[PDB]
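Let me begin by presenting the structure, written as structure tokens, before commenting on it.
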Amino acid sequence: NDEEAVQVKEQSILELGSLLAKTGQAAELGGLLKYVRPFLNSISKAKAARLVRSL
């Protein structure tokens, strides 16, 4: 279903954000929170707020 695609997409956001945190990227990782702005509206505010606090 779509929930699994959102789950693997979120773990791909933690994965790509982890690799960008390992490579020492600042503008890309800082702009990723602005890039995932429309994606956070497709799910609840709990996982969105937890992702904003995590990143």
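Read left to right, the sequence shown gives residues 38 to 92 (the entry's author numbering).
Beta carbons: idealized from backbone N, C-alpha and C, even for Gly.
Inset, instruction - Report the residue from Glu41, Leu92, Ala42, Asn38 whose alpha carbon sits nearest the alpha carbon of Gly68. - result: Taking the first residue of the sequence shown as position 1, residue 68 is located at position 31. Ranking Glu41, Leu92, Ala42, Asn38 by Cα distance to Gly68 puts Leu92 first.
Inset, instruction - Given a cut-off of 8 Å, decide if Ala64 and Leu77 are closer than it, judged by their beta-carbon atoms. - result: Mapped onto the sequence shown, residue 77 falls at position 40. Mapped onto the sequence shown, residue 64 falls at position 27. No. Outside cutoff.
Legend entry - Three-way DSSP call (helix, strand, coil) for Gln44 in this model: Translated into positions along the sequence shown, residue 44 becomes position 7. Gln44: helix per DSSP, three-state reduction.
Legend entry - Beta carbon of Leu88 nearer than 8 Å to that of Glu47: Here residue 88 refers to the residue found at position 51 of the sequence shown. Here residue 47 refers to the residue found at position 10 of the sequence shown. Contact flag set, yes.
Inset, instruction - Report the residue from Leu56, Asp39, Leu70 whose alpha carbon sits nearest the alpha carbon of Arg90. - result: Working through the sequence shown from its first residue, we reach residue 90 at position 53. Comparing C-alpha distances from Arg90 to each of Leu56, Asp39, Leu70 shows the shortest one belongs to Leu70.
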